[PDB]
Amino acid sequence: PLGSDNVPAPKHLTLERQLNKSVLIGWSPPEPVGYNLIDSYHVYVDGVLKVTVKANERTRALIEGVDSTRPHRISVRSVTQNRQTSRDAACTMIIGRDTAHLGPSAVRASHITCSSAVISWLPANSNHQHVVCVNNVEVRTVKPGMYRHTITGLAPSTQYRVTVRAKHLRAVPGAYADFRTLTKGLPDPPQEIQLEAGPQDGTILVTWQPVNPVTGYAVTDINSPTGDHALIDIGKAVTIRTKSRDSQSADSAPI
């Protein structure tokens, strides 16, 4: 879609000159990995494709229509013959204003288990090393071009705040994410609980994200594992519980 982890990505993205409404950039080819070998490059500015450089050209580009007064994110993607690409976060940099001190953004936790999580981010400049911190503990320093890292050593059903920061580049600030680990022996409560008034007066519609040996849910009881809502008539700020084969999860976050 907008990139794949398999495809090796360009390195050493460089702003070589800045003009009033144009910029000249350079980069280096990706390391070969044996598969998904690179066929052409795609240059993006704030997500819009601007120039295509073929494999046997020089790895430089002059990008027109780039205003000097505004900040910008420039990124380069490797394109294979099957048209698979690398992700922007592997070869990206921000220019403009006084952006040299901006750090990573869009820090996200995914593939969460009871003891681990995959941490992703968008660097401000992918030539920098990045440091992953869990609850203010440095757990890993990650090489340039890397925008994902699995953290381990976590305890189940526990809250974690992870931050990512760029260590300064030697010539040749950061965001955070909150998440909770899964529960070891018992089901997990649903997330993304919301509530609103139903169609008719005196009814409310509570919704939640299905868990994805889950039986169903309880708020009055829903006995399908895929159910994502309940509508009750009050006449005839609460939590939901995931029910499973012999037990019910702890309660979710109230709304």
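From 1 onward, residues are counted along the sequence shown.
Select one of none, 1 to 3, 4 to 9, or 10 or more to describe the deposited residues without coordinates separating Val172 and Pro173.
Unmodelled stretch: 10 or more residues.
Classify the number of deposited-sequence residues missing from the model between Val219 and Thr220: none, 1 to 3, 4 to 9, or 10 or more.
Unmodelled stretch: 4 to 9 residues.
Given the B-factors recorded for C-alpha atoms, which segment has the greater mean, 44-52 or 31-39?
If you average the C-alpha B-factors of 31-39 and of 44-52, the larger mean comes out for 31-39.
Would you tell me which stretch averages the higher CA B-factor in the PDB entry, 243-251 or 15-23?
Here the higher of the two C-alpha B-factor means belongs to 243-251.
Most elevated Cα B-factor in the entry, residues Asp98, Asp178, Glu138, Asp88
Of the options given, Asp98 has the highest CA B-factor in the PDB entry.
Of the options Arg148, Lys184, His111, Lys143, which has the highest CA B factor as deposited?
Highest CA B-factor of the listed options: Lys184.
Quick check for you: using the entry's CA B-factors within this chain, is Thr92 in the lowest, middle or highest third?
Within its chain, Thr92 is a lowest-third residue by C-alpha B-factor, going by the deposited values.
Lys167's Cα B-factor: lowest, middle or highest third of the chain?
For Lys167, whose C-alpha B-factor we compare with every modelled residue in the chain, the answer is the middle third.
Can you work out whether the C-alpha temperature factor of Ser120 puts it in the lowest, middle or highest third of the chain?
Tercile = lowest for this residue's CA B-factor.
Taking the entry's C-alpha B-factors for this chain, is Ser105 in the lowest, middle or highest third?
It belongs to the lowest third of the chain when residues are ordered by C-alpha B-factor.
Third of the chain, ranked by Cα B-factor, where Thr152 sits:
Tercile = lowest for this residue's CA B-factor.
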